[PDB]
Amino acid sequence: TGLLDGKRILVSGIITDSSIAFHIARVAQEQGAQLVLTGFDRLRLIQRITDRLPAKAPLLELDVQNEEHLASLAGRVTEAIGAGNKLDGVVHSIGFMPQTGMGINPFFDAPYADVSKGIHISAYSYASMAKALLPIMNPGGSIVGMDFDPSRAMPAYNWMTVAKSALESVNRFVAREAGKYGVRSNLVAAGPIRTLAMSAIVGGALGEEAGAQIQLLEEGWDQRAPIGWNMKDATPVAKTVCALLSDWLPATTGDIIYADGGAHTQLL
């Protein structure tokens, strides 16, 4: 029936209805998956958003910078899905970089405290999540993370591109660990998407120039992409994550699957 029919998947990262994790959770539910969701900080707002999903799914609090939340994760998840029952999928749609290391502040000027917070959330946490959830994962299982091609440097992205470079390395190692459990670990490298991750720069909140630079990136992304790129559509990226959570890419681990319209394969 569904692509993930009878699968128990954990989906992290829903904040708004435009969050990549929301469309991942939506497509996953449409494809028969039973979900457990994790949210950070504004939990009464996340509960309101996740209520708009095709189905009821338990919401658990998880700050990946909180040692206690990580220590109790597996326990709280098992309680949510029933004892003796395990996870088949894990979705890491978590990331952040403070305004000093991303946007208009000069690259050099970002303090290591802010860069460190950014690497802990967007890169180190991918391993943190796998450490906590892998002992409650079933053989054949899948851990998918969200990436943004960091092989080439670009304007404004700055220390987020550095944190993504680190995430890619982490993923490669997580795969070594996950393989002992019969679990795959991969990243989906998406093109730009109009979520909370971009809303300040796009909305002219960092100035007119900053907004212009992103619009050139989104325009150029669409040009290069042989099959086009709609920065307003999160569903192609959502579908890709669901391909990796399914049993249809069973010899793929420690890798990057590009869901970007084909932009990264083209120069112009």
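Each form is matched to the other, and the largest set of C-alpha atoms that superpose within 1.5 Å is called the rigid core. In case it trips you up, residue 1 is the first one in the sequence shown, and so on.
A fit on the rigid core, followed by a root mean square over CA positions in 8 other deposited structures of this protein, ranks 237-245 against 41-49 and picks 41-49 as the more shifted one. For the two regions 77-85 and 102-110, the entry's Cα B-factors average higher over 77-85.
Taking the mean C-alpha B-factor of each stretch as recorded, 128-136 and 186-194 are not equal, and the higher mean is that of 128-136. Across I227, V241, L70, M231, the entry's maximum B-factor at the CA atom is seen for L70. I257: CA B factor in the lowest third of modelled residues in this chain (values from the PDB entry). Placement of the Cα temperature factor of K117 within the chain: middle third of the modelled residues, per the deposited record. In this PDB entry, the Cα temperature factor of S199 sits in the middle third of its chain's modelled residues. In the deposited entry, the Cα temperature factor of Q34 places it in the highest third of its chain's modelled residues.
Compared with the other modelled residues of the chain, the Cα B-factor recorded for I214 ranks in the middle third.
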